[PDB]
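Asker: Pasting entry-v6.cif below, which is mmCIF, C-alpha atoms and all ligand atoms.
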data_start
loop_
_atom_site.label_atom_id
_atom_site.label_comp_id
_atom_site.auth_asym_id
_atom_site.auth_seq_id
_atom_site.Cartn_x
_atom_site.Cartn_y
_atom_site.Cartn_z
CA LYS G 423 0.00 0.00 0.00
CA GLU G 424 2.72 2.54 0.92
CA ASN G 425 5.20 1.72 -1.85
CA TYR G 426 2.32 1.95 -4.29
CA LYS G 427 1.30 5.26 -2.97
CA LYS G 428 4.74 6.67 -3.49
CA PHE G 429 4.92 5.31 -6.97
CA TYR G 430 1.58 6.52 -8.00
CA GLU G 431 2.12 9.98 -6.81
CA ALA G 432 5.27 10.23 -8.84
CA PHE G 433 4.07 8.51 -12.02
CA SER G 434 0.28 8.63 -12.27
CA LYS G 435 0.59 10.83 -15.32
CA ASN G 436 2.40 8.15 -17.15
CA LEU G 437 -0.17 5.56 -16.41
CA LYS G 438 -2.96 7.90 -17.57
CA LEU G 439 -1.02 8.64 -20.72
CA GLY G 440 -0.70 4.93 -21.27
CA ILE G 441 -4.47 4.52 -21.14
CA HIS G 442 -4.78 7.08 -23.79
CA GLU G 443 -2.21 5.74 -26.21
CA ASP G 444 -1.87 2.00 -25.60
CA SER G 445 -4.85 0.28 -27.14
CA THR G 446 -3.99 -3.19 -25.92
CA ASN G 447 -3.01 -2.81 -22.36
CA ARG G 448 -5.88 -0.50 -21.28
CA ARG G 449 -7.41 -3.55 -19.69
CA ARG G 450 -4.62 -3.90 -17.20
CA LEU G 451 -3.65 -0.31 -16.85
CA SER G 452 -7.05 0.70 -15.68
CA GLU G 453 -6.67 -1.32 -12.54
CA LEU G 454 -3.66 0.68 -11.54
CA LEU G 455 -5.57 3.93 -11.41
CA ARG G 456 -6.48 5.53 -8.14
CA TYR G 457 -9.00 8.29 -7.49
CA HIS G 458 -10.50 10.30 -4.67
CA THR G 459 -14.26 9.88 -4.43
CA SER G 460 -17.12 11.34 -2.48
CA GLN G 461 -17.22 8.31 -0.22
CA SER G 462 -13.47 7.79 0.35
CA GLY G 463 -12.82 11.26 1.80
CA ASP G 464 -9.07 12.00 1.86
CA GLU G 465 -8.26 8.40 0.75
CA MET G 466 -8.25 7.08 -2.85
CA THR G 467 -10.08 4.08 -4.39
CA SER G 468 -9.45 1.61 -7.12
CA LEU G 469 -12.14 1.48 -9.66
CA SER G 470 -12.71 -2.06 -8.57
CA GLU G 471 -13.62 -0.90 -5.10
CA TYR G 472 -16.03 1.57 -6.51
CA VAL G 473 -17.62 -1.36 -8.15
CA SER G 474 -17.74 -3.59 -5.11
CA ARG G 475 -19.52 -0.83 -3.26
CA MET G 476 -22.12 -0.24 -5.94
CA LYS G 477 -25.76 -0.43 -5.12
CA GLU G 478 -27.72 -3.05 -6.99
CA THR G 479 -29.58 -0.27 -8.73
CA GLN G 480 -26.50 1.40 -10.12
CA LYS G 481 -25.83 0.43 -13.62
CA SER G 482 -23.02 2.90 -14.20
CA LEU M 165 -17.87 14.21 9.89
CA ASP M 166 -15.04 12.07 8.44
CA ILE M 167 -15.05 9.88 11.62
CA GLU M 168 -18.66 8.70 10.90
CA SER M 169 -17.71 7.76 7.29
CA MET M 170 -16.66 4.40 8.93
CA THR M 171 -13.87 2.89 6.70
CA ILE M 172 -12.55 1.17 9.87
CA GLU M 173 -9.64 -1.30 9.43
CA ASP M 174 -8.24 -2.54 12.81
CA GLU M 175 -5.11 -3.92 10.99
CA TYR M 176 -3.48 -2.95 14.33
CA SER M 177 -6.17 -5.07 16.14
CA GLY M 178 -7.00 -1.72 17.83
CA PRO M 179 -9.85 -1.40 20.41
CA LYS M 180 -12.54 1.18 19.56
CA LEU M 181 -11.66 4.45 21.29
CA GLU M 182 -14.95 6.31 21.97
CA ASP M 183 -15.65 10.07 22.29
CA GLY M 184 -15.63 9.28 26.06
CA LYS M 185 -12.24 9.39 27.91
CA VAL M 186 -9.66 6.93 26.48
CA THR M 187 -9.22 3.97 28.84
CA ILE M 188 -5.92 3.70 30.67
CA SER M 189 -5.71 0.14 29.53
CA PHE M 190 -5.33 1.23 26.01
CA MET M 191 -3.03 3.95 26.85
CA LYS M 192 -0.77 1.36 28.39
CA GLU M 193 -1.19 -0.59 25.18
CA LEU M 194 -0.31 2.47 23.14
CA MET M 195 2.90 2.83 25.07
CA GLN M 196 3.49 -0.83 24.11
CA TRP M 197 2.65 0.06 20.46
CA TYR M 198 5.66 2.46 20.78
CA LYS M 199 7.89 -0.36 22.25
CA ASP M 200 6.72 -2.14 19.02
CA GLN M 201 6.81 0.82 16.47
CA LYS M 202 3.01 0.51 15.89
CA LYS M 203 0.50 3.30 15.09
CA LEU M 204 -3.21 4.22 15.68
CA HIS M 205 -6.08 3.65 13.19
CA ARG M 206 -7.24 6.79 11.36
CA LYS M 207 -10.88 7.14 12.61
CA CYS M 208 -9.83 6.92 16.23
CA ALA M 209 -6.95 9.35 15.53
CA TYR M 210 -9.34 11.85 13.86
CA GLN M 211 -11.86 11.42 16.70
CA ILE M 212 -9.28 12.16 19.44
CA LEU M 213 -7.99 15.19 17.46
CA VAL M 214 -11.59 16.55 17.30
CA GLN M 215 -12.06 16.08 21.05
CA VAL M 216 -8.57 17.48 21.86
CA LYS M 217 -9.46 20.66 19.90
CA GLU M 218 -12.80 20.97 21.74
CA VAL M 219 -11.25 20.85 25.26
CA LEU M 220 -7.97 22.72 24.59
CA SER M 221 -9.51 25.71 22.82
CA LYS M 222 -11.50 26.56 26.04
CA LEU M 223 -8.57 26.32 28.54
CA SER M 224 -7.26 29.78 29.69
CA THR M 225 -4.25 31.16 27.67
CA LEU M 226 -2.42 31.48 31.01
CA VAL M 227 -3.27 28.33 33.06
CA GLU M 228 -4.04 28.97 36.78
CA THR M 229 -3.67 26.15 39.40
CA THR M 230 -3.55 26.07 43.24
CA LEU M 231 -1.21 23.40 44.66
CA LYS M 232 -2.26 22.51 48.25
CA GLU M 233 0.46 22.33 50.90
CA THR M 234 0.36 18.57 51.03
CA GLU M 235 0.32 18.12 47.23
CA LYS M 236 3.38 17.74 44.96
CA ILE M 237 3.70 18.43 41.16
CA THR M 238 6.36 16.98 38.83
CA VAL M 239 7.38 19.54 36.12
CA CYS M 240 8.80 18.52 32.74
CA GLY M 241 10.68 20.36 29.90
CA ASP M 242 11.72 19.93 26.22
CA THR M 243 11.34 16.32 24.93
CA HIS M 244 12.37 16.81 21.26
CA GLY M 245 9.63 14.34 20.08
CA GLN M 246 11.26 11.25 21.68
CA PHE M 247 8.74 9.35 23.84
CA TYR M 248 11.43 7.11 25.52
CA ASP M 249 12.14 9.71 28.18
CA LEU M 250 8.50 10.28 29.14
CA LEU M 251 7.93 6.54 28.90
CA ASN M 252 10.34 6.24 31.68
CA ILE M 253 9.26 9.12 33.75
CA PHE M 254 5.68 7.93 33.68
CA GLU M 255 6.81 4.54 34.70
CA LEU M 256 9.38 5.96 37.25
CA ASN M 257 7.59 8.88 39.01
CA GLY M 258 4.16 7.22 38.68
CA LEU M 259 1.98 7.12 35.71
CA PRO M 260 0.44 10.50 34.88
CA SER M 261 -2.72 9.80 36.77
CA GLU M 262 -4.38 12.09 39.24
CA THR M 263 -1.60 11.26 41.71
CA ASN M 264 0.97 12.54 39.20
CA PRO M 265 -0.35 15.96 38.13
CA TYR M 266 2.52 16.60 35.69
CA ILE M 267 3.14 19.92 33.91
CA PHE M 268 5.01 19.69 30.53
CA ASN M 269 6.78 22.81 29.14
CA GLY M 270 6.10 21.87 25.47
CA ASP M 271 8.71 21.24 22.74
CA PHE M 272 7.34 17.92 21.45
CA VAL M 273 7.37 18.81 17.69
CA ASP M 274 10.69 20.53 18.53
CA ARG M 275 12.09 17.48 16.54
CA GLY M 276 10.21 14.73 14.64
CA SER M 277 11.61 11.28 15.64
CA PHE M 278 8.57 9.78 17.57
CA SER M 279 6.88 13.22 17.72
CA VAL M 280 3.50 12.31 16.17
CA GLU M 281 3.44 9.37 18.60
CA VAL M 282 4.48 11.73 21.52
CA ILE M 283 1.67 14.27 21.06
CA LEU M 284 -0.66 11.34 20.20
CA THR M 285 -0.01 9.81 23.68
CA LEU M 286 0.10 13.14 25.56
CA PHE M 287 -3.26 14.08 23.95
CA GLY M 288 -4.57 10.68 25.03
CA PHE M 289 -3.55 11.28 28.69
CA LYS M 290 -4.86 14.90 28.57
CA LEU M 291 -8.41 13.58 27.94
CA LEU M 292 -8.25 11.05 30.84
CA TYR M 293 -6.72 13.44 33.45
CA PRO M 294 -7.22 17.03 32.18
CA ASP M 295 -7.12 18.51 35.59
CA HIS M 296 -3.86 17.02 36.53
CA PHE M 297 -2.01 16.77 33.24
CA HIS M 298 -0.97 20.20 31.82
CA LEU M 299 0.71 20.85 28.40
CA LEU M 300 2.36 24.17 27.31
CA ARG M 301 3.63 25.18 23.82
CA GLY M 302 7.41 24.86 23.31
CA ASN M 303 9.61 27.56 21.74
CA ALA M 304 10.79 25.48 18.69
CA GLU M 305 7.12 24.88 17.71
CA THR M 306 5.54 26.52 14.56
CA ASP M 307 4.81 25.34 10.94
CA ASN M 308 8.21 26.87 10.10
CA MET M 309 9.99 24.19 12.22
CA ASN M 310 7.34 21.45 11.62
CA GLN M 311 8.72 21.80 8.05
CA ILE M 312 12.50 22.16 8.85
CA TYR M 313 12.54 19.01 11.09
CA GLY M 314 10.30 16.89 8.80
CA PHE M 315 7.28 16.45 11.14
CA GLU M 316 5.08 17.71 8.28
CA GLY M 317 6.66 14.90 6.20
CA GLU M 318 5.95 12.26 8.92
CA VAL M 319 2.28 13.33 8.86
CA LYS M 320 2.15 13.39 5.01
CA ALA M 321 3.89 9.98 4.93
CA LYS M 322 1.53 8.30 7.47
CA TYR M 323 -1.66 10.20 6.42
CA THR M 324 -3.31 12.36 3.68
CA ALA M 325 -2.64 16.14 4.03
CA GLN M 326 -6.05 17.00 5.68
CA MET M 327 -4.61 15.24 8.77
CA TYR M 328 -1.91 17.99 8.86
CA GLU M 329 -4.68 20.65 8.70
CA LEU M 330 -6.38 19.01 11.70
CA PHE M 331 -3.04 18.76 13.60
CA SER M 332 -2.44 22.47 12.79
MN MN G 501 12.56 23.39 22.66
#
Could you show the structure in this file as structure tokens?
Ligand SMILES: [Mn+2]

Answerer:
Amino acid sequence: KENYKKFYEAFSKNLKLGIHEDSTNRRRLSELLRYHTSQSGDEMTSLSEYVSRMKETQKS
Amino acid sequence: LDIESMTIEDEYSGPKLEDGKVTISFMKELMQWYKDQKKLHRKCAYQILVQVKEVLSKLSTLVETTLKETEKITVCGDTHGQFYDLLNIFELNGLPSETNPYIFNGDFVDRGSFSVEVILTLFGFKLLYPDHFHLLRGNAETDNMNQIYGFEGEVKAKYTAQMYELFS
């Protein structure tokens, strides 16, 4: 968790650029992204956590 | 109310610390979590910082206390953010209970080494024995030195920056 944090802060731009340009590895790169959300406060989430917390009525 | 957003972890196996006064049993455990280089969970840490603000902001800017003839006070000075010395005095001169109404002349973020952990325990004890346990500000203590001696970095390493706003 802590080594990833350091990494991400330094190189998140490169990962985001990779999503944009690399048409094949988007599938894996997307799981490396981390974002702040309205229900994580000052912490960040993987997109996969967003999903595990989705309500059964959310379809997006 | 970031505390009531839950997101509890207990990776530390930490007891719940309520908005009521922190139990001495945990405080003893916390001192052991410093013997073991172990840290508090975030919701408890936020909750104590909220309560610490609420009590401290009402205390008089000059503290006034009457020491009865038969009563004795132990007075303490600069600690440079090392808990080891206070670990021992608490164990040596009696734990900082009502029978050990200590006064501490600040200088805890004076240097960073265990300094988060130092104020984090002192601020624990201050809630349990507020009448007996008295904390002053030190003279090496402002954002200017919280930066120079890397305490701001300790906070930003262990926690997201909003924690540093709350500590401020
Ligand atoms: Mn000092």

Asker: Can you work out which one of G:427, G:481, G:449, G:435 has the shortest atom-to-atom distance to chain M, counting only C-alpha atoms?

Answerer: G:427

Asker: Quick one: which residues from chain M are at most 8 Å off chain G, using only C-alpha atoms, as a PyMOL selection string?

Answerer: chain M and resi 166+169+324-326

Asker: Could you list, as a list in words, all the residues within 8 Å of ligand MN 501 (chain G), counting only C-alpha atoms and all ligand atoms?

Answerer: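 Going residue by residue within 8 Å of ligand MN 501 (chain G), we get residues 242, 243, 244, 270, 271, 272, 274, 302, 303, 304 and 305 of chain M.
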
Asker: Between atom CA of residue 199 of chain M and atom CA of residue 214 of chain M, what is the distance in Å, rounded to a tenth?

Answerer: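 It comes out at 26.3 Å.
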
Asker: Could you please determine the separation between atom CA of residue 231 of chain M and atom CA of residue 285 of chain M in Å, to one decimal place?

Answerer: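 Answer for the atom CA of residue 231 of chain M to atom CA of residue 285 of chain M separation: 25.0 Å.
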
Asker: Between M:241, M:265, M:276, M:288, which one has atoms that come closest to residue 315 of chain M, using only C-alpha atoms?

Answerer: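 Residue with the minimum atom-to-atom distance to residue 315 of chain M: M:276.
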
Asker: Distance atom CA of residue 268 of chain M-atom CA of residue 297 of chain M, one decimal place?

Answerer: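 If I compute the distance from atom CA of residue 268 of chain M to atom CA of residue 297 of chain M, I get 8.1 Å.
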
Asker: With only C-alpha atoms as the counted atoms, please give the residues lying no more than 9 Å from residue 430 of chain G, apart from itself and same-chain residues fewer than 4 positions off, as a list in words.

Answerer: residues 425, 426, 434, 435, 437, 454, 455 and 456 of chain G

Asker: Can you report as JSON the centre and edge lengths in Å, to one decimal, of an axis-aligned box around the listed atoms of segment 429-446 of chain G padded with 3 Å on each side?

Answerer:
{"center_x": 0.2, "center_y": 3.8, "center_z": -17.0, "size_x": 16.1, "size_y": 20.0, "size_z": 26.3}

Asker: Within 10 Å of (-1.5, 5.8, 13.5), in the coordinates the file gives, what residues turn up when you count only C-alpha atoms, written out as number ranges by chain?

Answerer: M: 176, 197, 202-210, 280-281, 284, 319, 322-323

Asker: Go ahead and write the selection's residues with C-alpha atoms as a CSV table (one decimal), in the frame of the given file.

Answerer:
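out.csv was written with the following content:
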chain,number,residue,atom,x,y,z
M,176,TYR,CA,-3.5,-3.0,14.3
M,197,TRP,CA,2.6,0.1,20.5
M,202,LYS,CA,3.0,0.5,15.9
M,203,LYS,CA,0.5,3.3,15.1
M,204,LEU,CA,-3.2,4.2,15.7
M,205,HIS,CA,-6.1,3.6,13.2
M,206,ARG,CA,-7.2,6.8,11.4
M,207,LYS,CA,-10.9,7.1,12.6
M,208,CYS,CA,-9.8,6.9,16.2
M,209,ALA,CA,-7.0,9.4,15.5
M,210,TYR,CA,-9.3,11.8,13.9
M,280,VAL,CA,3.5,12.3,16.2
M,281,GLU,CA,3.4,9.4,18.6
M,284,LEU,CA,-0.7,11.3,20.2
M,319,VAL,CA,2.3,13.3,8.9
M,322,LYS,CA,1.5,8.3,7.5
M,323,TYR,CA,-1.7,10.2,6.4

Asker: Taking only C-alpha atoms into account, which of M:216, M:195, M:291, M:282 comes nearest residue 255 of chain M?

Answerer: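 Using only C-alpha atoms, residue 255 of chain M sits closest to M:195.
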
Asker: Neighbours of residue 239 of chain M within 10 Å (only C-alpha atoms; same-chain residues fewer than 6 positions away dropped), as a PDB file with C-alpha atoms, in the frame of the given file?

Answerer:
ATOM      1  CA  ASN M 264       0.970  12.540  39.200  1.00  0.00           C
ATOM      2  CA  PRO M 265      -0.350  15.960  38.130  1.00  0.00           C
ATOM      3  CA  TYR M 266       2.520  16.600  35.690  1.00  0.00           C
ATOM      4  CA  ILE M 267       3.140  19.920  33.910  1.00  0.00           C
ATOM      5  CA  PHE M 268       5.010  19.690  30.530  1.00  0.00           C
ATOM      6  CA  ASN M 269       6.780  22.810  29.140  1.00  0.00           C
ATOM      7  CA  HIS M 298      -0.970  20.200  31.820  1.00  0.00           C
TER       8      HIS M 298
END

Asker: Within 10 Å of (-0.1, 4.4, -18.2) in the file's own coordinates, which protein, DNA or RNA residues have an atom, counting all atoms listed in the file? List them as a count of residues only.

Answerer: 19

Asker: Need the shell around residue 188 of chain M: protein/DNA/RNA residues with any atom at most 10 Å away, counting only C-alpha atoms. Skip same-chain ones fewer than 6 positions apart. Format as a PyMOL selection string?

Answerer: chain M and resi 194+259+261+288-289+292

Asker: Generate the output file for the selected residues, C-alpha atoms, as a compact mmCIF listing (two decimals), in the coordinates of the input.

Answerer:
# COMPACT_ATOMS: atom_id res chain seq x y z
CA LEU M 194 -0.31 2.47 23.14
CA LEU M 259 1.98 7.12 35.71
CA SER M 261 -2.72 9.80 36.77
CA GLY M 288 -4.57 10.68 25.03
CA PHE M 289 -3.55 11.28 28.69
CA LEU M 292 -8.25 11.05 30.84
